[PDB]
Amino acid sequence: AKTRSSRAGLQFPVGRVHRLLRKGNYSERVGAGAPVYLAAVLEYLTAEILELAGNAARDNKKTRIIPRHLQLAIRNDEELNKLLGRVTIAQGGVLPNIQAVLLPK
């Protein structure tokens, strides 16, 4: 017995993704490749965020990723910021940003 995930070279659970597609009422039928493809996409996007978030942690002299780091990573990244433009990260705060005209002298 060998898992579809290991078979597909993935960390994300192919079987669960398939079951979730079936019970989500998205369609009558789900092809075999669909949950594999979707699982891979979700894993990649997860990797991309964790990479940038980890970097944000190091920049702040931390070794543990917290919500703040996820927000810094997402908002400082053009495409991730667009993808998640209508999303709120709890305990994320905002990017340091002061309009130039408000600076003294």
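In this text, residue numbers run from 1 along the sequence as written.
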Query raised in the report: Of the two stretches 20-28 and 86-94, which shows the higher Cα B-factor on average in the entry?
Result: 20-28
Query - Per the entry, higher mean C-alpha B factor between 58-66 and 45-53 - result: 58-66
**Report entry** Within-chain third of residue 1 by Cα B-factor, per the entry
**Finding:** highest
Report task. Comparing against every modelled residue in the chain, figure out the third that the C-alpha B-factor of residue 8 lands in (lowest, middle or highest). Result -> middle
Query - CA B-factor ranking of residue 103, expressed as a third of its chain - result: highest
